Amino acid sequence: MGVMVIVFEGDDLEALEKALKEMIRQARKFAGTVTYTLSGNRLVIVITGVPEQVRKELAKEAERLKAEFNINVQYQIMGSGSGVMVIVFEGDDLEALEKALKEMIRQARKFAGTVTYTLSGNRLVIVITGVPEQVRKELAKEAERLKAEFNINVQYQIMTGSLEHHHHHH
């Protein structure tokens, strides 16, 4: 089988939740099983139980919802049992978010993690798949370094096998 991770981001919660409902409806129409979490202004949806051709259709639907609800979206198709990490950076200085993006990408590539991202005027959402525990630890170390270095908030969501882990500072 295969797994699909879709992440929506936006300043309008109502818009994000309309997108969630439609994405859920579409996924279930294909008999896919959905898992989802809305935290802050990020919406993470995981879909299992659907064949390759359907995943492509859902990719199209994800793109359609971006234009339908004016939200940012990214997605990755990966293997079952593969580790995934979602890192959210927030800040008033966009140039600081871009530096963080470049650094996180450099790190993901070093560890052969597959990365996608969405960047708005004040929020950066990075998704890295194919990353085992040891690698996620290093990526988190880099995020914390960027956090300290630029004074930007960082949130994390990790999914591994049967575990979902959420973390915010304090």
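Residues numbered from 1 in each chain as written, not as in the entry; some residues may be left out. Heavy atoms only, no water. Residues with missing side-chain atoms left out of burial classes, pairs and counts.

The PDB entry annotates the protein as OR280 of synthetic construct. Here the entry title, as the record gives it, is "Crystal Structure of Engineered Protein. Northeast Structural Genomics Consortium Target OR280".

Novice: Quick question: what am I supposed to make of the sheet that holds strand β9 (residues 163–168) here?
Specialist: Strand pairing within a sheet occurs via backbone hydrogen bonds; the two strands may be parallel or antiparallel. The five strands lie next to each other as β6-β7-β5-β8-β9, forming an open sheet whose pairing is antiparallel. The outermost strands of the open sheet, each flanked by one partner alone, are β6 (114–119) and β9. Neighbour to neighbour, the strand axes of the sheet diverge by 10 degrees on average, direction disregarded. Strand direction decides the pairing type here: β6 and strand β7 (residues 123–129), joined by six bridges, are antiparallel. In the strand pairing of β7, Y117 is matched with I126. (Pairing = 2+ DSSP bridges. Helix = DSSP H or I, 4+ residues; strand = E, 2+ residues; numbered from the N terminus. Axes fitted to C-alpha atoms, helices over the stretch in contact; angles between N-to-C directions.)

Novice: How do you make sense of the domain arrangement of the protein when you look at a structure like this?
Specialist: Accessible area lost during the coming together of the parts is what is often quoted as the interface size. If you check the domain split of the protein, you get domain 1 (2–82) and domain 2 (83–170). Computed from C-alpha coordinates alone, the two centres of domain 1 and domain 2 are separated by 19 Å. Opposite the 20 residues of domain 1 that make contact, domain 2 presents 26 residues. Taken over both partners, the interface formed by domain 1 and domain 2 buries close to 1700 Å², and the fraction arising from carbon and sulfur atoms is 51%. Looking at the side of domain 1 facing domain 2, the largest losses of area belong to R42, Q74 and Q76, adding up to 37% of the total buried there. Put simply, domain 1 and domain 2 have two salt bridges between them. With a shortest N-O distance of 2.7 Å, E9 and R123 are connected by a salt bridge. At the boundary of domain 1 with domain 2, the tally comes to 13 residue pairs in polar contact. (Domains from an automatic or database assignment. Contact = heavy atoms within 4.5 Å. Buried area = accessible area lost by both parts, 1.4 Å probe. Salt bridge = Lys/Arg side-chain N within 4 Å of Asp/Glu carboxyl O. Polar contact = N/O pair within 3.5 Å; in protein donor to acceptor, adjacent residues only side chain to side chain.)

Novice: So what exactly am I meant to see when it comes to the pairing of β9 here?
Specialist: Residues in a regular strand point their side chains to alternate faces of the sheet. Summarising the sheet, strand β8 (residues 153–160) and β9 pair through six bridges and their orientation is antiparallel. Bridge pairing in β9 places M159 opposite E164. The turn linking β8 back onto β9 is made up of two residues, and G161 within it adopts a positive phi angle of 50 degrees.

Novice: What am I meant to see in unusual backbone geometry here?
Specialist: Comment: phi is negative for the bulk of residues other than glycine, and the bulk of peptide bonds are trans. Not every positive phi belongs to a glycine, and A31 is a case in point at roughly 65 degrees. The phi dihedral of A112 is positive, around 60 degrees, even though this residue is not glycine. Its location among the elements puts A112 in the loop between α3 (94–110) and β6. A residue is classified by how much of its surface remains accessible, and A112, at 62% relative accessible area, is exposed. (Buried < 20%, exposed > 50% of the residue type's maximum accessible area, 1.4 Å probe, protein only.)

Novice: Which parts of the structure should I look at to understand the environment of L101?
Specialist: Checked against the element boundaries, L101 lands in helix α3. By relative accessible area, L101 is classed as buried at 8%. It is 8.4 Å that separates the C-alpha atoms of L101 and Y117, two residues lying 16 residues apart in sequence. Those residues in contact with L101 that lie beyond four places of it in its chain are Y117, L124 and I126.

Novice: Mind showing me how you'd approach the sheet that holds strand β1 (residues 3–9) here?
Specialist: Here four strands make up an open sheet; going across it, the order is β2-β3-β1-β4 and the pairing antiparallel. Pairing within the sheet leaves two strands with one partner each, and these edge strands are β2 (33–39) and β4 (72–78). If you compare each strand with its neighbour and ignore which way they point, the axes differ by 15 degrees on average. Pairing geometry for β1 and strand β3 (residues 42–48), over six bridges, is antiparallel. The residue of β3 that forms the bridge with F8 is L43.

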